[PDB]
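To keep things clear, I will list the structure first and then write my remarks on it.
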Protein chains: 2
Amino acid sequence: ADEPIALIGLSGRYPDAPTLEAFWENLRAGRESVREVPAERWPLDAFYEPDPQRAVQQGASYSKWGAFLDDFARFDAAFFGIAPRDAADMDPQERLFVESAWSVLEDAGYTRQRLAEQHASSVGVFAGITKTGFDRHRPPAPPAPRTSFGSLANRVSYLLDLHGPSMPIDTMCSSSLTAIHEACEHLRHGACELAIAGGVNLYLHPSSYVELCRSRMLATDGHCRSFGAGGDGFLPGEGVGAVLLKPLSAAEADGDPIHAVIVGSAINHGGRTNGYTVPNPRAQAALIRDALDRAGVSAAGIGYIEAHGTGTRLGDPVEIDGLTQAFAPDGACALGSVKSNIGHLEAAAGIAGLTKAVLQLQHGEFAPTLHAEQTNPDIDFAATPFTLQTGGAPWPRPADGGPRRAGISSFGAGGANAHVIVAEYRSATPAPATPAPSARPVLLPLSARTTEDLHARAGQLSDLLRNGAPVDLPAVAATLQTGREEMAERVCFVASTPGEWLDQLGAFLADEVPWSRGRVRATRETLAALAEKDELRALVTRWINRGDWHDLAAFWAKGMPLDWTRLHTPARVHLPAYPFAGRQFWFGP
Amino acid sequence: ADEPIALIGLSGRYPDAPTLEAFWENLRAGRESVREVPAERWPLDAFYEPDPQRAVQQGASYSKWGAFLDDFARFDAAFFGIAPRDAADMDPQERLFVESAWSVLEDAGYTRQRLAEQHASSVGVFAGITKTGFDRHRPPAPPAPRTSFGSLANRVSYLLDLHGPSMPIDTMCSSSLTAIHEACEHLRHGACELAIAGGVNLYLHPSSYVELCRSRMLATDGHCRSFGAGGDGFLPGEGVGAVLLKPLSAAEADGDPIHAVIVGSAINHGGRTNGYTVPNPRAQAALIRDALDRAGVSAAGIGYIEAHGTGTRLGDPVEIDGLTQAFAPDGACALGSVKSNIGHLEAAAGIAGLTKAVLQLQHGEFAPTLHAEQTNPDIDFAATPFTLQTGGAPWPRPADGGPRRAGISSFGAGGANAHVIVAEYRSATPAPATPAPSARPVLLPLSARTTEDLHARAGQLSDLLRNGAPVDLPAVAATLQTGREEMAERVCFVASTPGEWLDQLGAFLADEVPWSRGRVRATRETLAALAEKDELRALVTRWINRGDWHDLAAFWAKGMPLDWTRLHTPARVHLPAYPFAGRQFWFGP
Ligand SMILES: [Cl-]
Ligand SMILES: [Cl-]
């Protein structure tokens, strides 16, 4: 009852994790990124009140902790042609999500031009967000801080020239997972050919904590003891994440690089319960059952549940109640929650959970769940089809022979629920050539907006070659050529082996030379007109025929356009996204 | 490329229009509901600055006008079991939309029970909203004003026990029209069996005007001269509106009352333009063409365009540019904008435009467009397929013999666009019985939460019988019986003709008597247990067989359950929705 949606682009920043590499390593190490509220956010002087009961009175907060995001206020405005003044006025949540949105494009190997020519720019944007408070800031001269849920999505669609549906998704705690679901639906029904979905969550004003405290939803100890004993409330967590989605059918045909596959998803509402924020286990069951059927998968086909897992006394047993009811017709299924690592990201909780699930699928490992040494007294997993993953362990292939599958749940405080089933992506791969692939010379073009960015890009690729990620030069070359935009500061390499390229990159970073360097400050139209000169056309044709790759490389580095299809199309691969290192835009505490 | 979605429920409140009857009469009369900012909103002392240039400096507003909504802060909290304290803290936008959401249910003739039994409560909620500012208020003791886009939808899903998708829609100026589109999509794809979609727009804080002024988007004269000469900016307008939607296939089968049919709709984004808020005529063309094709209708099949029509110098010609490009392959098509009547409702602009379009379709008339005596100099409609409807005129059936169709456009400031094509609903109706329908006695049950509400309900029905709306008693009876919830204060009539019923209602409002009055303060379960007594069952059966209708009426009025199917199912009709007259919840200026 559903068509598979390929996940071809993935980006994210999380507490103590500027990259997904760091994020996975933290998860693998069972790291908790809890921290007292940074001085730059707001002073704890008239904010923190140790006693929970006295805190609700006089409008304070009994929580001083939180998992915060580094460089939350940092934004490369110049990159997006945004004036410093305007950037200062837009919510940091929106700034971070723009960079994230660019990053998923690069990760997937899509340029703005390729989106236009190949998909008519029909790319939808569904951006999860629920947190406000940036409005409350009143900075000195006139500055006008503003949060626009619409702008979050629409500005992305603007800057990237996307013509698909563009809207925020605010279902509170389940926003980003609702967004990921809606994106999939629009793709299954042809509303758009690609879709960016994600979420962002920042705590910019102390009033956020005060409000969360008034409802007694924050943990008094500052932890998310998901399904652990002494479950109080949750720990506020920050983060940005996005995915680029496309129907598996189209992705495989277009040779897109595929992280994983969303095989089924669902959303609903709990309806009338005893209270406005009282969860409905019956609804959660129907929710997950719905997703299961659309994926055409029995509950016994799920290897891991990334649970909502807020870490509250009555909340966690309800979630397991709903899970048991859903898995009842179809035990020991691995269960945990990223909340125990980085807290509650609310709007960004879904994308964070999904990201962890994908990383688990890809690495074939279970990340431990923290604060579960003593399981919540009101739950015994022995009577459930589930088993709390307190420790790290390998994720073996199912006995079926099928794919690994994970279920991710996200439950909104207002009763809006979401569930996404994600499967490992497997495909027939031919045996490797022995003892190595063919050593043919390829052009490896590299560009960035500034020299500092250029060196950062090269640094990223050096780390890529060294950190054991599967690398075949021609695929990397093709992605650099057709999956990256041509920018002003350029360097182009010619190499036949990764070893040779790594040697070159090392030399370049430390600085005749084994590369062509160039600065191209010219319109595409001007450079095109030059390239159309007959003798210049003749030069390129000659160089290609005689295999003068270093001349072609020099030509490109100086600004000349090359028809890359003439130089051989291998499938594209995931290469490091733009190393944003923008300015800081923050009013202050 | 689309399935028809029936519009079976319609509700709305607009400036100088507490009911849609008043709204249509205002539109018919060419009335403008412009007004200076009410004292209860905010003082104009440190707010209004006559000079536009000096106003942007020192953070003021050069607009003092606006189309405002009566009883914006009024809310029947008791009706929804909401404590006065909590109601005070929720955004008036959310309060008004709850009442609206209940009203569309009653208009469509749906109870909460019928939704559950017949559709498993799979009703989606898509609520348009973009305006914030309620947060800015800091009332005395602790009160905490809050705007939650998620709650807007989720609270409705809660109170009404709905289990479908529940989310706000914020695409800025096009919110409600985006919401109506998304609702339709979810219905076409089986995401839910019914859907509530709508929008709300209030100006609760003066900062709203200040921000709109900074971008020079407000009119200096306080008018929406849509496609008229001297087009400045727009006039801020308030309003609440909602629709209840269901696939035409299901609606006709279930005998639902049908206002009109949404035959096609579309959304997109302008992409990269010269500025973030600079409209894309090319995108608007593709948008409308998209909707046209999904409806399977040529542009020559459209009788009226309800244009976005902000009333700006360069904005209006762009809209017509996009309209001409769209209508180019497939002149004099009627065109206008409700903006000229009630200003710019932004989030609620779409639903307001749609509502006007439906009222035009139903009455078969064109409402005039105001401030168009001098057409915008940069446009001549003579070269366009369109003609600006400056005056009121009948809307004749198309020469094709087909249905009347209207196109409604709504363009967001962030570049998110929406277009909905709406068609007249026509169906084979048998010739009326002469000289009158059969005069058989029917039970006409009436109930409300209080006596004041009960008398208000009866007043509504009296007006209904007198104002020439088509009335056949058995249909009205059936809707009162199965399309209204049974509440505490009850009165039940037995009548055979509308004349007789009207006589009774008149007597009742002025007060043996020709009705049974009752107050039922009891659980359904308690009353059910009584009704199950054998001799009581026997009584009802006897009464039905002997046709003792006044005894049955007395029985129901005293709290006894009647199986209404035993008393005859005619199709339901639109009866007046609950006459909400709640308390006022407003912090102050
Ligand atoms: Cl350099
Ligand atoms: Cl009375």
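Residue numbering restarts at 1 for every chain of the structure tokens, chains are lettered A, B, ... in their displayed order, and ligands are numbered from 1 as they appear.
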Once DSSP has gone over the backbone, tell me which residues of stretch 14-127 of chain B are in strand (DSSP E), as a ChimeraX atom specification.
/B:35-36,65-66,74-75,123-127
Write out as a ChimeraX atom specification the residues lying within 8 Å of residue B:422, counting only C-alpha atoms and excluding same-chain residues fewer than 2 positions away.
/B:260-264,357-358,405-408,420,424
Given 9 Å and only C-alpha atoms and all ligand atoms, residues near ligand 2 as a PyMOL selection string:
chain B and resi 451-452+454-455+489-491+508-509+511+517-518
Where does chain A meet chain B within 7 Å, residue by residue, with the nearest atom pair and distance in Å to one decimal for each, counting only C-alpha atoms, listed by chain and rising number, as CSV?
```
residue,atom,partner,partner_atom,distance
A:149,CA,B:170,CA,6.6
A:150,CA,B:171,CA,4.9
A:151,CA,B:414,CA,6.1
A:154,CA,B:414,CA,5.5
A:155,CA,B:414,CA,7.0
A:157,CA,B:271,CA,5.7
A:158,CA,B:271,CA,4.6
A:159,CA,B:272,CA,6.0
A:160,CA,B:272,CA,6.9
A:161,CA,B:271,CA,4.1
A:162,CA,B:271,CA,4.9
A:163,CA,B:269,CA,4.4
A:164,CA,B:268,CA,4.9
A:165,CA,B:268,CA,4.8
A:166,CA,B:416,CA,6.2
A:167,CA,B:171,CA,5.7
A:168,CA,B:170,CA,6.5
A:170,CA,B:150,CA,5.4
A:171,CA,B:150,CA,4.9
A:172,CA,B:150,CA,5.9
A:267,CA,B:165,CA,6.0
A:268,CA,B:165,CA,4.8
A:269,CA,B:163,CA,4.4
A:270,CA,B:163,CA,5.8
A:271,CA,B:161,CA,4.1
A:272,CA,B:161,CA,4.5
A:276,CA,B:158,CA,6.8
A:414,CA,B:154,CA,5.5
A:415,CA,B:154,CA,6.5
A:416,CA,B:166,CA,6.2
```
In stretch 192-246 of chain A, what's helix (DSSP H, G or I) per DSSP? Answer as a ChimeraX atom specification?
/A:207-214
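Near residue A:481, within 10 Å and counting only C-alpha atoms, sit residues 109, 443, 444, 445, 446, 475, 476, 477, 478, 479, 483, 484, 485, 486, 562, 563, 564, 565 and 572 of chain A; same-chain residues fewer than 2 positions away were not included.
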File dump, residues just selected, N, CA, C and O atoms, as a PDB file, in the first residue's frame:
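Contents of result04.pdb, as written:
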```pdb
ATOM      1  N   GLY A 109      24.580  14.927  -4.167  1.00  0.00           N
ATOM      2  CA  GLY A 109      25.265  15.198  -5.417  1.00  0.00           C
ATOM      3  C   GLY A 109      24.423  15.991  -6.397  1.00  0.00           C
ATOM      4  O   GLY A 109      24.609  15.892  -7.608  1.00  0.00           O
ATOM      5  N   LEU A 443      40.082  13.562 -13.981  1.00  0.00           N
ATOM      6  CA  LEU A 443      40.125  14.933 -13.500  1.00  0.00           C
ATOM      7  C   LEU A 443      39.302  15.047 -12.232  1.00  0.00           C
ATOM      8  O   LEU A 443      38.149  14.619 -12.192  1.00  0.00           O
ATOM      9  N   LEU A 444      39.905  15.616 -11.194  1.00  0.00           N
ATOM     10  CA  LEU A 444      39.241  15.768  -9.909  1.00  0.00           C
ATOM     11  C   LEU A 444      39.127  17.246  -9.570  1.00  0.00           C
ATOM     12  O   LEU A 444      39.964  17.797  -8.856  1.00  0.00           O
ATOM     13  N   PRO A 445      38.087  17.898 -10.102  1.00  0.00           N
ATOM     14  CA  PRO A 445      37.899  19.338  -9.925  1.00  0.00           C
ATOM     15  C   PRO A 445      37.342  19.678  -8.551  1.00  0.00           C
ATOM     16  O   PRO A 445      36.493  18.961  -8.026  1.00  0.00           O
ATOM     17  N   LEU A 446      37.824  20.777  -7.987  1.00  0.00           N
ATOM     18  CA  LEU A 446      37.426  21.202  -6.657  1.00  0.00           C
ATOM     19  C   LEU A 446      37.252  22.712  -6.652  1.00  0.00           C
ATOM     20  O   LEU A 446      38.106  23.436  -7.162  1.00  0.00           O
ATOM     21  N   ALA A 475      34.283   7.429  -9.692  1.00  0.00           N
ATOM     22  CA  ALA A 475      32.994   7.794  -9.122  1.00  0.00           C
ATOM     23  C   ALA A 475      33.103   9.120  -8.374  1.00  0.00           C
ATOM     24  O   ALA A 475      32.248   9.994  -8.515  1.00  0.00           O
ATOM     25  N   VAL A 476      34.162   9.259  -7.582  1.00  0.00           N
ATOM     26  CA  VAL A 476      34.438  10.501  -6.869  1.00  0.00           C
ATOM     27  C   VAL A 476      34.629  11.654  -7.854  1.00  0.00           C
ATOM     28  O   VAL A 476      34.095  12.745  -7.660  1.00  0.00           O
ATOM     29  N   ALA A 477      35.388  11.392  -8.914  1.00  0.00           N
ATOM     30  CA  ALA A 477      35.633  12.382  -9.955  1.00  0.00           C
ATOM     31  C   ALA A 477      34.324  12.849 -10.577  1.00  0.00           C
ATOM     32  O   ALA A 477      34.066  14.047 -10.669  1.00  0.00           O
ATOM     33  N   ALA A 478      33.494  11.895 -10.985  1.00  0.00           N
ATOM     34  CA  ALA A 478      32.211  12.204 -11.605  1.00  0.00           C
ATOM     35  C   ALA A 478      31.331  13.067 -10.701  1.00  0.00           C
ATOM     36  O   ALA A 478      30.648  13.975 -11.173  1.00  0.00           O
ATOM     37  N   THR A 479      31.350  12.783  -9.405  1.00  0.00           N
ATOM     38  CA  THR A 479      30.538  13.533  -8.456  1.00  0.00           C
ATOM     39  C   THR A 479      31.096  14.944  -8.271  1.00  0.00           C
ATOM     40  O   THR A 479      30.340  15.907  -8.159  1.00  0.00           O
ATOM     41  N   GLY A 483      28.300  16.931  -9.674  1.00  0.00           N
ATOM     42  CA  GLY A 483      27.519  16.988  -8.452  1.00  0.00           C
ATOM     43  C   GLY A 483      27.981  18.096  -7.530  1.00  0.00           C
ATOM     44  O   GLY A 483      27.660  18.107  -6.344  1.00  0.00           O
ATOM     45  N   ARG A 484      28.748  19.028  -8.083  1.00  0.00           N
ATOM     46  CA  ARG A 484      29.179  20.206  -7.342  1.00  0.00           C
ATOM     47  C   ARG A 484      29.074  21.431  -8.240  1.00  0.00           C
ATOM     48  O   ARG A 484      29.329  21.350  -9.443  1.00  0.00           O
ATOM     49  N   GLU A 485      28.688  22.563  -7.659  1.00  0.00           N
ATOM     50  CA  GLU A 485      28.617  23.806  -8.413  1.00  0.00           C
ATOM     51  C   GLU A 485      30.013  24.376  -8.642  1.00  0.00           C
ATOM     52  O   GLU A 485      30.899  24.242  -7.797  1.00  0.00           O
ATOM     53  N   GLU A 486      30.205  25.002  -9.796  1.00  0.00           N
ATOM     54  CA  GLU A 486      31.483  25.615 -10.116  1.00  0.00           C
ATOM     55  C   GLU A 486      31.579  26.989  -9.470  1.00  0.00           C
ATOM     56  O   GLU A 486      30.794  27.884  -9.777  1.00  0.00           O
ATOM     57  N   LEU A 562      33.829  22.513 -19.352  1.00  0.00           N
ATOM     58  CA  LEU A 562      34.092  21.216 -19.955  1.00  0.00           C
ATOM     59  C   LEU A 562      32.824  20.376 -19.968  1.00  0.00           C
ATOM     60  O   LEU A 562      32.099  20.314 -18.975  1.00  0.00           O
ATOM     61  N   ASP A 563      32.552  19.741 -21.102  1.00  0.00           N
ATOM     62  CA  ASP A 563      31.479  18.761 -21.178  1.00  0.00           C
ATOM     63  C   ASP A 563      31.994  17.446 -20.621  1.00  0.00           C
ATOM     64  O   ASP A 563      32.606  16.658 -21.342  1.00  0.00           O
ATOM     65  N   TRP A 564      31.743  17.217 -19.335  1.00  0.00           N
ATOM     66  CA  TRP A 564      32.327  16.087 -18.619  1.00  0.00           C
ATOM     67  C   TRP A 564      31.972  14.726 -19.217  1.00  0.00           C
ATOM     68  O   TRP A 564      32.707  13.751 -19.035  1.00  0.00           O
ATOM     69  N   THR A 565      30.857  14.659 -19.940  1.00  0.00           N
ATOM     70  CA  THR A 565      30.432  13.408 -20.563  1.00  0.00           C
ATOM     71  C   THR A 565      31.409  12.961 -21.650  1.00  0.00           C
ATOM     72  O   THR A 565      31.423  11.795 -22.039  1.00  0.00           O
ATOM     73  N   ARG A 572      26.837   8.490  -8.980  1.00  0.00           N
ATOM     74  CA  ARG A 572      27.404   9.460  -8.055  1.00  0.00           C
ATOM     75  C   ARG A 572      27.518   8.869  -6.657  1.00  0.00           C
ATOM     76  O   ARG A 572      26.862   7.881  -6.337  1.00  0.00           O
TER      77      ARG A 572
END
```
Could you tell me how far atom CA of residue A:235 sits from atom CA of residue A:377, in Å to one decimal place?
20.6 Å
Neighbouring residues of stretch 323-326 of chain B were defined as those with any atom within 10 Å, considering only C-alpha atoms; residues of the same chain fewer than 6 positions away were excluded. Please report them as an mmCIF file with C-alpha atoms, in the first residue's frame.
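Okay, this is what ended up in around-v7.cif:
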```cif
data_model
loop_
_atom_site.group_PDB
_atom_site.id
_atom_site.type_symbol
_atom_site.label_atom_id
_atom_site.label_comp_id
_atom_site.auth_asym_id
_atom_site.auth_seq_id
_atom_site.Cartn_x
_atom_site.Cartn_y
_atom_site.Cartn_z
ATOM 1 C CA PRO B 281 4.168 35.388 -12.961
ATOM 2 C CA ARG B 282 5.607 32.323 -14.704
ATOM 3 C CA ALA B 283 5.080 30.254 -11.552
ATOM 4 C CA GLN B 284 1.544 31.572 -11.087
ATOM 5 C CA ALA B 285 0.764 30.536 -14.659
ATOM 6 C CA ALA B 286 2.100 27.002 -14.182
ATOM 7 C CA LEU B 287 0.181 26.892 -10.899
ATOM 8 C CA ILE B 288 -3.196 27.712 -12.431
ATOM 9 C CA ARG B 289 -2.521 25.510 -15.469
ATOM 10 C CA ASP B 290 -1.774 22.659 -13.073
ATOM 11 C CA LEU B 292 -6.909 23.381 -14.643
ATOM 12 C CA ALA B 299 -9.557 27.878 -19.073
ATOM 13 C CA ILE B 305 -11.526 34.526 -10.973
ATOM 14 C CA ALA B 307 -7.917 36.972 -7.573
ATOM 15 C CA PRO B 317 -0.241 43.510 -12.969
ATOM 16 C CA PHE B 381 -8.199 43.961 -19.435
ATOM 17 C CA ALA B 383 -5.983 42.569 -24.045
ATOM 18 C CA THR B 384 -6.652 39.954 -21.362
ATOM 19 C CA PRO B 385 -9.244 37.149 -21.273
ATOM 20 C CA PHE B 386 -10.627 38.903 -18.191
ATOM 21 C CA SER B 409 -5.888 32.373 -6.072
#
```
Residue contacts of residue B:308 (7 Å, only C-alpha atoms) excluding same-chain residues fewer than 3 positions away, as a PyMOL selection string:
chain B and resi 337+409-411
Residues within 9 Å of residue A:33, please, as a PyMOL selection string. Count only C-alpha atoms; anything in the same chain fewer than 4 positions from it doesn't count.
chain A and resi 15-16+26+66-68+341-343
Could you write out that same residue set with N, CA, C and O atoms as a PDB file, in the first residue's frame?
```pdb
ATOM      1  N   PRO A  15      24.328  18.020  19.323  1.00  0.00           N
ATOM      2  CA  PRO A  15      25.236  18.336  20.435  1.00  0.00           C
ATOM      3  C   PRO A  15      26.493  17.473  20.440  1.00  0.00           C
ATOM      4  O   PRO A  15      26.393  16.247  20.378  1.00  0.00           O
ATOM      5  N   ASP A  16      27.653  18.124  20.497  1.00  0.00           N
ATOM      6  CA  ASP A  16      28.951  17.455  20.430  1.00  0.00           C
ATOM      7  C   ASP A  16      29.113  16.642  19.145  1.00  0.00           C
ATOM      8  O   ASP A  16      29.797  15.620  19.132  1.00  0.00           O
ATOM      9  N   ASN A  26      29.694   9.265  18.932  1.00  0.00           N
ATOM     10  CA  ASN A  26      29.134   9.560  20.244  1.00  0.00           C
ATOM     11  C   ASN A  26      28.111   8.507  20.648  1.00  0.00           C
ATOM     12  O   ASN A  26      28.093   8.051  21.789  1.00  0.00           O
ATOM     13  N   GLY A  66      20.751  21.049  29.588  1.00  0.00           N
ATOM     14  CA  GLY A  66      20.294  20.968  28.215  1.00  0.00           C
ATOM     15  C   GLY A  66      21.421  20.555  27.294  1.00  0.00           C
ATOM     16  O   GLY A  66      22.588  20.847  27.560  1.00  0.00           O
ATOM     17  N   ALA A  67      21.077  19.860  26.215  1.00  0.00           N
ATOM     18  CA  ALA A  67      22.055  19.489  25.201  1.00  0.00           C
ATOM     19  C   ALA A  67      22.067  20.546  24.105  1.00  0.00           C
ATOM     20  O   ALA A  67      21.152  20.611  23.283  1.00  0.00           O
ATOM     21  N   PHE A  68      23.105  21.375  24.100  1.00  0.00           N
ATOM     22  CA  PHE A  68      23.130  22.536  23.220  1.00  0.00           C
ATOM     23  C   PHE A  68      24.013  22.342  21.992  1.00  0.00           C
ATOM     24  O   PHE A  68      24.889  21.476  21.963  1.00  0.00           O
ATOM     25  N   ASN A 341      20.790  10.259  24.760  1.00  0.00           N
ATOM     26  CA  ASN A 341      22.097  10.783  24.376  1.00  0.00           C
ATOM     27  C   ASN A 341      22.118  12.305  24.281  1.00  0.00           C
ATOM     28  O   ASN A 341      23.011  12.958  24.824  1.00  0.00           O
ATOM     29  N   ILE A 342      21.131  12.865  23.586  1.00  0.00           N
ATOM     30  CA  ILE A 342      21.140  14.285  23.251  1.00  0.00           C
ATOM     31  C   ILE A 342      19.874  15.011  23.691  1.00  0.00           C
ATOM     32  O   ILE A 342      19.628  16.144  23.283  1.00  0.00           O
ATOM     33  N   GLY A 343      19.066  14.358  24.518  1.00  0.00           N
ATOM     34  CA  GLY A 343      17.873  14.989  25.049  1.00  0.00           C
ATOM     35  C   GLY A 343      16.717  15.039  24.071  1.00  0.00           C
ATOM     36  O   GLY A 343      16.706  14.334  23.062  1.00  0.00           O
TER      37      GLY A 343
END
```
Report as an MDAnalysis selection string all protein, DNA and RNA residues lying within 9 Å of stretch 243-255 of chain B, evaluated on only C-alpha atoms, omitting residues in the same chain fewer than 5 positions from it.
chainID B and resid 3:12 101 104:105 107:108 180 183:184 187:188 193:198 261 351 570:572
For the residues selected in the previous step, produce a file with C-alpha atoms as a tab-separated table (two decimals), in the first residue's frame.
```
chain	number	residue	atom	x	y	z
B	3	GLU	CA	-11.20	13.13	-7.88
B	4	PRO	CA	-13.93	15.68	-7.00
B	5	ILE	CA	-14.03	16.73	-3.35
B	6	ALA	CA	-17.47	17.69	-2.07
B	7	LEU	CA	-17.76	20.74	0.17
B	8	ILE	CA	-20.39	19.56	2.66
B	9	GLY	CA	-19.85	22.02	5.49
B	10	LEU	CA	-19.16	25.75	5.46
B	11	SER	CA	-18.73	28.23	8.29
B	12	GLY	CA	-17.31	31.72	8.65
B	101	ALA	CA	-14.72	23.83	13.63
B	104	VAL	CA	-18.90	23.22	10.10
B	105	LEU	CA	-19.73	19.88	11.71
B	107	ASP	CA	-23.67	22.68	9.18
B	108	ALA	CA	-22.78	19.39	7.52
B	180	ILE	CA	-7.80	23.49	1.68
B	183	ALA	CA	-7.00	18.55	2.83
B	184	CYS	CA	-8.23	17.60	-0.64
B	187	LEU	CA	-8.85	12.84	0.84
B	188	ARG	CA	-7.97	11.82	-2.73
B	193	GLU	CA	-12.33	9.95	5.07
B	194	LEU	CA	-13.24	13.54	5.95
B	195	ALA	CA	-11.26	16.74	6.48
B	196	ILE	CA	-11.69	20.09	8.19
B	197	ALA	CA	-9.71	22.87	6.54
B	198	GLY	CA	-9.81	26.59	7.20
B	261	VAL	CA	-17.41	20.83	-5.46
B	351	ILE	CA	-10.97	30.73	2.89
B	570	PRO	CA	-34.20	11.37	3.83
B	571	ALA	CA	-30.95	13.16	2.99
B	572	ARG	CA	-29.70	15.65	5.56
```
